[PDB]
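Using ideal geometry, Cβ is built from the backbone for each residue, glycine included, and neighbour counts are taken over all protein chains shown. Derivation of every value follows stated rules applied to the coordinates shown; laboratory data play no part.
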Amino acid sequence: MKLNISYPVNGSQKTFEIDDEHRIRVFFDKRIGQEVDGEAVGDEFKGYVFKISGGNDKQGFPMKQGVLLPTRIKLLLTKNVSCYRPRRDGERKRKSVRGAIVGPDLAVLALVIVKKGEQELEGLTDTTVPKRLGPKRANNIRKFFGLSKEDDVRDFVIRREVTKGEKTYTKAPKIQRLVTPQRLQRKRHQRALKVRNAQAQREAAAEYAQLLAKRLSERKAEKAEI
Amino acid sequence: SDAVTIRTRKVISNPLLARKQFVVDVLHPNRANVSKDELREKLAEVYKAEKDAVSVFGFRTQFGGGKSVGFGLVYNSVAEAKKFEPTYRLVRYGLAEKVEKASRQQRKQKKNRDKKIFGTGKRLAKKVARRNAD
Amino acid sequence: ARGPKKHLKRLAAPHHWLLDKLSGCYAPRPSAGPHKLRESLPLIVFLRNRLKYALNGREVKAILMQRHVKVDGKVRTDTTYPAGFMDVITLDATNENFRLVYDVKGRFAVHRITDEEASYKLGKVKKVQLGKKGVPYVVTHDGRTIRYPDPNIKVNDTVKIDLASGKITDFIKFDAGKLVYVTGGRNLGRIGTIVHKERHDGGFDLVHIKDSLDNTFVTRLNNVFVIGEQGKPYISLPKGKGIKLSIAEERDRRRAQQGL
RNA sequence: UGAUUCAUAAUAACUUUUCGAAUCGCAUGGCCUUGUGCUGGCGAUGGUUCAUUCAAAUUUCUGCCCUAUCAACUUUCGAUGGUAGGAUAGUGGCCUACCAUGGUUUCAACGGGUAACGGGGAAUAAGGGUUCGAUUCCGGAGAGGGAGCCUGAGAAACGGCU
RNA sequence: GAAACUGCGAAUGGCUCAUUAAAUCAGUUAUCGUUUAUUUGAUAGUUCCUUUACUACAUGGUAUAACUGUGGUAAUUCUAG
Ligand SMILES: [Mg+2]
Ligand SMILES: [Mg+2]
Ligand SMILES: [Mg+2]
Ligand SMILES: [Mg+2]
Ligand SMILES: [Mg+2]
Ligand SMILES: [Mg+2]
Ligand SMILES: [Mg+2]
Ligand SMILES: [Mg+2]
Ligand SMILES: [Mg+2]
Ligand SMILES: [Mg+2]
Ligand SMILES: [Mg+2]
Ligand SMILES: [Mg+2]
Ligand SMILES: [Mg+2]
Ligand SMILES: [Mg+2]
Ligand SMILES: [Mg+2]
Ligand SMILES: [Mg+2]
Ligand SMILES: [Mg+2]
Ligand SMILES: [Mg+2]
Ligand SMILES: [Mg+2]
Ligand SMILES: [Mg+2]
Ligand SMILES: [Mg+2]
């Protein structure tokens, strides 16, 4: 089968087609999230520790995490689960997923290197893939660059230069949750609106109570005369 | 000498859409169905606007001939005519180029084809190309 | 079935909108709003059909999205906003104000009022009740909750709402000898004074209304709207004053007015 | 209010504690300890409760074709009612538990047929009638047959799912 | 401004008359027997766990799509790491 191996701390990943099934009975009858040692997997993966994180069988059905059961069953999959993307709100689909137990009917395993071995793999460790996006929220930039509570995050924004041959410019994202005078003005407006709303309601209540007292005194005057 | 003698009945001034709207009665004896070019020119000269701020539509000519009755609009400016006037009738008057789209069937077929792709389809196209290469 | 309806068929529209039978299968279903669906007039029907200011519904939308129309002092850019009875429609361009009052045939009339009268409206009290924190409120016929009313205001009274600050300027009681605007039924649009109110505890209090030509008619109290004293109405009445001439006197008026 | 244990208020607490703006645009005024300090406009979108509107659900009275070669039907397994609970958005045998033995019928119940969706209406027009109404408007019901449910204010939805 | 997340709509319309004989439906009531998005109007100074133990309000947190990259299936508006 193929081994989709990913080394996430450089973000890099590649596939090794491993034939000669003496090497891949080390994977058999082991679930997802279980760790294996790479010496039995090969001489090139010597000292490495993989964690089985997923896989696809023949006929392409994915390994659902933590089913049991090295065969395929049809599950009623819901929202926020693997192996299903709902096309409506509240739509559940009876799809067939393949179990978490690794068997010989897999076409590809998914492995994550949780421990680098002795030798350096030619497509997993020597190469580093950069992250596509830097942080965008203010305090996420602050904890990315480790600054402080009070600092200008505007000066620490990761900018990327876009070159169209003749014209080169830079683009920076936005600072979501950025403390701005517009936000302070909006907060102040809401506080002032609550305060003057309560003041105007109390003034209307006091004026109405004066009216009620006047009508009560008039009614008492027009009743005591009788 | 041909006595086109256009007149405008039922005049309503509309500042809401910034125009004057009226019924165009065209008395054209010894003439059949004058044109809308002549009607727009001769309404432009009587309402003093411009040719391109005057809009005419209607003109069902009376049985037996010699009279055509329609509707007319004279906008306060050409920009206010292009803002408020339908695109088909701007295309009629030459104020707008006709948009060249696909037909209705190919537009809806393209939409239903694009409903089957989640995302931009760059990854899907790369996977399909690589897998169909082997 | 299965949910709220969103289409109004033409021929299922209210008859007083005077929509032509042909030219489309559908009628403008009014939005939810201050007035009931069959007792309101949408802005597309007012602008396109009554005032003739727009030829299409596309032009009604083009009028409203420039914030030209305003109903009761607020802009109301909806095409099918339910402008009903007593509603003041101000068009700031063209400098004119309309009050949506019925004509005597039972139809909303194009009635131009002044800018002084456009600064207020009248509202029939639907309920007087105590709200939360013990605060009295009054509900008018156009859905307005008005807090802290006069304690003498009861149901079937008429308040005068100021349309800028929506308060009660004054009010009119429901007594015998006060003007009525009939807002429902086959006597809709008629104006007269209350002779007396017939009680009927259990349901449907009746009102005996007499107009200026001494023609008495009986109307349910849901359809009675007080508009002022004997004479001197608080609103400006439309042309015709709610008299309901018969059809013989109507053709007599037409032959006496078209012959010059 | 025709009428209430209504509206509403108060007291003692209760709560896998509900809401009480960490949202967006445009304009950038005003004041004096000139700090990018304090204030500040027109809106948009949210949001609790009441009212309104659009509704929905249930419901009173009265009205339906032919058939007795259909005279008794209902009550096992809710049929009529009472009490209490559960359930519901809510009334209610809607369901459950315990009691009572009721309820409908020659003024046609119950059953059978319908080549029956009901109505506004249509044809024929002395008057009365007779016949039609799947069909452009209103209401119902259904998405091949049944059943079950998700999401949602609203569906037992089928150009939603099992 | 594609994509995608979120929001709203998808419950309307349209079709058909199979079921259905106090059932639907019609006129008439009732909700003092209820739910109600939206619209419209009104509405919220009280937020402290057992105050003499508060943790930013010039404003808290992570976790995901789109995207990148590696794939499986002959195939689906399949989707996995
Ligand atoms: Mg933001
Ligand atoms: Mg429907
Ligand atoms: Mg509408
Ligand atoms: Mg109980
Ligand atoms: Mg009970
Ligand atoms: Mg029982
Ligand atoms: Mg049938
Ligand atoms: Mg005969
Ligand atoms: Mg029928
Ligand atoms: Mg029918
Ligand atoms: Mg049939
Ligand atoms: Mg129908
Ligand atoms: Mg259905
Ligand atoms: Mg079929
Ligand atoms: Mg079916
Ligand atoms: Mg929805
Ligand atoms: Mg279904
Ligand atoms: Mg279909
Ligand atoms: Mg459908
Ligand atoms: Mg969404
Ligand atoms: Mg909406």
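May I ask you to list the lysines whose Cα is less than 30 Å away from that of B:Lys111, ignoring any residue fewer than eight positions away on the same chain?
Answer for B:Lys111, where 30 Å is the Cα cut-off: A:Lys79, A:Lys93, A:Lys95, B:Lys83, B:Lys98, B:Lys101, B:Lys122, B:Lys126, B:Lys127, C:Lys5, C:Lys6, C:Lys61, listed by chain and number.
Can you compute 3J(HN,Hα) from phi for each residue in segment B:32-42, using the Karplus curve 6.51 cos²θ - 1.76 cosθ + 1.60 with θ = phi - 60°, rounded to whole Hz and x for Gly and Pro?
10, 6, 3, 3, 8, 5, 4, 5, 5, 5, 7
Given all pairs of different Cα atoms, what value in angstroms does the Kirkwood hydrodynamic radius of segment B:85-134 take?
Values: mean 1/r = 0.0698 Å⁻¹.
Averaging 1/r across every pair of different Cα atoms and inverting gives 14.3 Å.
Under the rule of -39500 (n - 2.57) per DSSP H run of 4 or more residues, summed and divided by the residues of chain C, what mean residue ellipticity at 222 nm is obtained, to the nearest 500 deg cm²/dmol? It would help to have the intermediate numbers written out before the result.
Values: 2 runs with 19 residues, N = 260.
It comes out at -2000 deg cm²/dmol, rounded to the nearest 500.
Give me the three principal axis extents of segment C:121-171 from the C-alpha atoms, as integers in angstrom, largest value leading.
Rounded to whole Å, the extents work out to 28, 22, 18 Å.
Compute a Gaussian network model of chain C, connecting alpha carbons closer than 10 Å, and tell me which residue from C:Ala83, C:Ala109, C:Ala248 fluctuates the most.
Of C:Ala83, C:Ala109, C:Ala248, the Gaussian network model singles out C:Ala248 as fluctuating most.
Would you please classify the overall shape of segment B:20-96 from the alpha carbon gyration tensor, given that a ≥ b ≥ c denote the square roots of the eigenvalues, rounded means a/c under 1.5, and beyond that prolate means a/b larger than b/c while oblate covers the rest?
Prolate, because a/c is 1.5 or more and a/b exceeds b/c.
With charges only on Cβ, +1 for K and R and -1 for D and E, what is the dipole size of chain C about its Cα centre, in debye, rounded to 20?
Roughly 1080 debye, rounded to the nearest 20.
Rg(Cα) of segment C:78-218 divided by 2.2 N^0.38 Å?
Dividing the Cα Rg of segment C:78-218 by 2.2 N^0.38 Å gives 1.14.
List the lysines whose alpha-carbon lies under 17 Å from that of C:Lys239, not counting same-chain residues fewer than 8 positions away?
C:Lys105
For the protein assembly as shown, place one equal point scatterer on every Cα, skip the solvent, and apply the Debye formula. What is log10 of I(q)/I(0) at q = 0.07, 0.08 Å⁻¹?
-0.83, -0.94
Could you compute how fast chain C diffuses translationally, taking Rh as the Kirkwood radius over C-alpha pairs and applying Stokes-Einstein at 10 °C with viscosity 1.306 mPa s? Give it in µm² per second. If you can, show how the numbers build up before the last one.
Values: Rh = 19.6 Å.
D = 81 µm²/s.
Rounded to the nearest 20 Debye, what is the dipole magnitude of chain B about its Cα centre when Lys and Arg each give +1 and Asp and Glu each give -1 at the C-beta?
Numbers: 33 positive and 14 negative charges, 333 e Å.
Dipole about the Cα centre, nearest 20: 1600 debye.
Mean residue ellipticity at 222 nm from the helices of chain A, using -39,500 (n - 2.57) per DSSP H segment of n ≥ 4 over the full residue count, to the nearest 500 deg cm²/dmol?
Calculated at 222 nm, the ellipticity per residue is -8000 deg cm²/dmol.
Over the C-alpha atoms of segment C:174-244, what are the Rg and the largest Cα-to-Cα span, Dmax, in Å?
11.3, 38
Pairs of alpha-carbon atoms within less than 8 angstrom and 6+ residues apart define the contacts here; what relative contact order does chain C have, in percent?
This gives 12 percent for chain C.
Using only the alpha carbon atoms of chain B, find the Kirkwood hydrodynamic radius as the inverse mean reciprocal pair distance, in angstroms to one decimal.
18.4 Å
Cut-off 10 angstrom, C-alpha nodes, Gaussian network model of chain A. Which of A:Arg23, A:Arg191, A:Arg137 fluctuates the most?
Checking each option, the largest mean-square fluctuation is seen for A:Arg191.
Can you compute the FRET efficiency between B:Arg9 and C:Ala32 using 1/(1 + (r/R0)^6), with r the Cβ-Cβ distance and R0 = 35 Å? Round to the nearest 0.05. Intermediate results must be reported in sequence, preceding the final value.
Numbers: r = 40 Å, r/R0 = 1.16.
So, using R0 = 35 Å, E works out to roughly 0.30.
Quote the convex hull volume per residue of segment C:1-116, based on C-alpha atoms, as a whole number of Å³.
That works out to 112 Å³ per residue.
Take the residue pairs C:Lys126/C:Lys178; C:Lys132/C:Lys173; C:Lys52/C:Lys160; C:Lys210/C:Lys244; A:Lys223/C:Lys127 and return only those whose Cα atoms are more than 21 Å apart. Walk me through the numbers before you get to the answer.
Working: C:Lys126/C:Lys178 18 Å; C:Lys132/C:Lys173 26 Å; C:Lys52/C:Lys160 30 Å; C:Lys210/C:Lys244 12 Å; A:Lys223/C:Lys127 28 Å.
As for pairs spanning more than 21 Å Cα to Cα, those are C:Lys132/C:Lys173; C:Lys52/C:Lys160; A:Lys223/C:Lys127.
Any idea what the dipole of segment A:1-154 comes to, in debye rounded to 20, about its Cα centre with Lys/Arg Cβ at +1 and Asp/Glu Cβ at -1?
Dipole of segment A:1-154, to the nearest 20 debye: 1500 debye.
Given the options B:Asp37, B:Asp114, B:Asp25, which has the most mean-square fluctuation in a GNM of chain B, springs set between C-alpha atoms less than 10 angstrom apart?
The residue that fluctuates most here is B:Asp114.
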